[PDB]
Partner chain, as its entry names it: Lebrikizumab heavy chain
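Take a look at this single chain, the form solved without the partner chain, given in structure tokens.
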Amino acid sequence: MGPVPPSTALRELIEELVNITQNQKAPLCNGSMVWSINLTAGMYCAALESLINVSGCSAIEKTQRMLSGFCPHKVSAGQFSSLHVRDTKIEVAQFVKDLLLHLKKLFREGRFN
């Protein structure tokens, strides 16, 4: 009835992200690239604004919603927070995988958000 706990939401997110990335043949997006970010705490928020730059990819539309659950502040294609540094862009396939390592990482510390 009430929302799912933080630890449960994370596992459901990791299991879903892995599932769509294991049977994926070619890149989910047309080789779209995203800005690299620093994986620390506000990863969900920093990661969200980076995905907001990817359009035309429904396979990740649901992902943006689940990420928002950990980041209540919405981001428009005009408002940016972590894209202040001039980092290089990377393929989404790598962005999802790099994020996967950090997602299960916080599970070990049980420190969600």
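Residue numbers count along the first chain shown, from 1.
Quick note: we don't show the form deposited with the partner chain bound, though the next part is all about it.
In the deposited bound form, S32 approaches the partner chain with a heavy atom inside 4.5 Å. Proximity of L83 to the partner chain in the deposited bound form: non-hydrogen atoms within 4.5 Å are absent; the residue sits far from the partner.
In the deposited bound form, the partner chain stays beyond 4.5 Å of every heavy atom belonging to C45. With contact defined as any non-hydrogen atom lying within 4.5 angstroms of the partner chain in the deposited bound form, the contacting residues in 55-69 are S55, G56, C57, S58, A59, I60, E61, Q64, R65, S68, given in sequence order.
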